[PDB]
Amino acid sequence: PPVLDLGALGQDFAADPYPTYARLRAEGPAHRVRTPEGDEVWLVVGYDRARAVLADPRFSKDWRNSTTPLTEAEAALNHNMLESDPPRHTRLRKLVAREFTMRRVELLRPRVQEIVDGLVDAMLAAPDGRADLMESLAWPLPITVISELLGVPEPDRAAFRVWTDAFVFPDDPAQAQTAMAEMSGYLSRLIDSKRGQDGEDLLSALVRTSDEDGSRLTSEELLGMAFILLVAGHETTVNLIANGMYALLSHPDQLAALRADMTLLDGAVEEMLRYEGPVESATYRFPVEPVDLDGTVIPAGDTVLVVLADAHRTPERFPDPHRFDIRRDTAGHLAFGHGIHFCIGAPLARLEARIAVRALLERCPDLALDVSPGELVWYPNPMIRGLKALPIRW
């Protein structure tokens, strides 16, 4: 029953997966497919079923409920909140929930604004008048913010670029596994280096919590925490900033509307999340029992991917779904997930995106793409919507 090989779909599917998902949705909610790595997974498509499944407790995130074995490098890192169910998820999330409320994140606005102002200064100083938004803004800003929060020294941040690149588009399945092993070894060394140093960063606080009471946070969960907060704190926000400006720049009429009325900025970032959000499919879910989806039963322990990208093109929920419309009703989009695993970072992601978008539009007079929208290259990863590069001009 694998009705679709995702590996045999080419850059056409990478750049525009939506017709493929829409044809699946017309048949039903759940479809067995083959990942590019040859693994069999289920896709859940359509807004209503995707939203329901994201929050449905019958779909676990704990790999003890998955029949697909974890690799050695993955098993070193899986004791994290996103790959946990209650009660473990509940305890782990409580440890950092307070750090990421909208009120605490707003205390970061001065620093974020200062980072954005600096990065945009560097861009506008270009010897030509052109730049890659990927290298000039979308990559440096989130990695800088999350590194300062988790106390990652500046010389160490370069390796995160390489590791993330190996996670998104590895040369072979081994290079991603190798990147995970190096990242885990580094994080374990970083964790130990905070001991006794009285750091005020979030990682140092977590290390102390674990050292004080292994029943509140084990050493395995401490490494899982650092990992999850750094990876999820990074590559999704990079692509929100890139995908979001690609959306504005590829729709010059909406770029003009927003530039003419910055009070639309908040809705525009929400439509940015709706229209081309960085998460194409949610992270792995495993039914704890066979689950019947309108006649399609998924066996217990199979892998289930909720295709957020298709949910956001469901016309019943988002009329004229293929139109990027910054004044559209975006209520209930799933770009941050839904349920107990809803993104803990959403206020910080939104803060970074809003400041970055505003700064580009207020300070780059005639901002425009440097290539045509169809010339842009997208990474083939079915989990992520990401641009290889974003050439711009002003």
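When you see a residue number, it is the position in the sequence shown, counting from 1.
Of the two stretches examined, 274-282 and 157-165, the record assigns the greater average C-alpha temperature factor to 157-165. Once the C-alpha B-factors are averaged per stretch, 172-180 and 300-308 rank with 172-180 first. In the PDB entry, the Cα temperature factor peaks, among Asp211, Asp85, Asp192, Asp292, at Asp292.
Looking only at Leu229, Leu187, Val105, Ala125, the residue with the top Cα B factor in the deposited structure is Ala125.
The deposited CA B-factor of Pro57 belongs to the middle third of values across its chain. Ranked within its chain, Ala256 lands in the highest third, by CA B factor from the PDB record.
Ranked within its chain, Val120 lands in the highest third, by CA B factor from the PDB record.
For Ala349, the recorded CA B-factor ranks within the lowest third of the chain. Only modelled residues enter the ranking. Annotation for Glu99: CA B-factor lies in the middle third of the chain's modelled residues.
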